[PDB]
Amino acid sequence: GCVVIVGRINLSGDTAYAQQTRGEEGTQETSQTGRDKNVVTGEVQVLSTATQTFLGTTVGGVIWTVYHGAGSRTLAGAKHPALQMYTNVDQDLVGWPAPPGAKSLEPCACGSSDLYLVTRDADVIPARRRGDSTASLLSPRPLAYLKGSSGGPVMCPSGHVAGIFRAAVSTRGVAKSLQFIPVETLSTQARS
């Protein structure tokens, strides 16, 4: 089937919030068709398949997300579904051309180690960067609270995107660190 945009998160300005755009029935129908009547607004899109829900982040004109969520599927669009311009299983990364209305986030270059994840519910979860692709949670939290936020943005204090949430370091139901796809990896991405 198709990946469907069932919601959005606008990060510019005040404390962000999530905005639902479709329901169960409409998302199933639109994953069957591939025709998305709704307009695209925001920098972070809530994405769903017939079975899974996750996030995508708009950077450099492209909606990026995780392969373990979208696989090789297409993204519903105005007229027809959009084909993936980027696919990399090793990086767990996939990318579709950003349609009209999708606002891109600017890459981070400040070197700030004080990052935060924006979840699918628009919660802010801070973490201290300790490597190229890892950041330690300031407080451990149950893994279930992070589920469904893969593909969401890992942000710097300035509002620029340092990375894309990919996986969690967890033990016995409790997450201690986030692992993400560095933003520098999305610019050096081969338009297949």
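Position 1 is the first residue in the sequence shown; the rest follow in order.
The stretch 81-89 shows the higher mean C-alpha B-factor when 112-120 is compared against 81-89 in the entry. Comparing 33-41 with 137-145, the stretch with the higher mean C-alpha B-factor in the PDB entry is 33-41. Ranked within its chain, residue 153 lands in the lowest third, by CA B factor from the PDB record. Among the modelled residues of its chain, residue 169 has a C-alpha B-factor that falls in the lowest third according to the deposited record. Per the PDB record, residue ranking by Cα B-factor puts residue 163 in the lowest third of the chain. When the modelled residues of the chain are ordered by C-alpha B-factor, residue 178 sits in the lowest third. Ranked by Cα temperature factor within the chain, residue 126 sits in the lowest third according to the deposited record.
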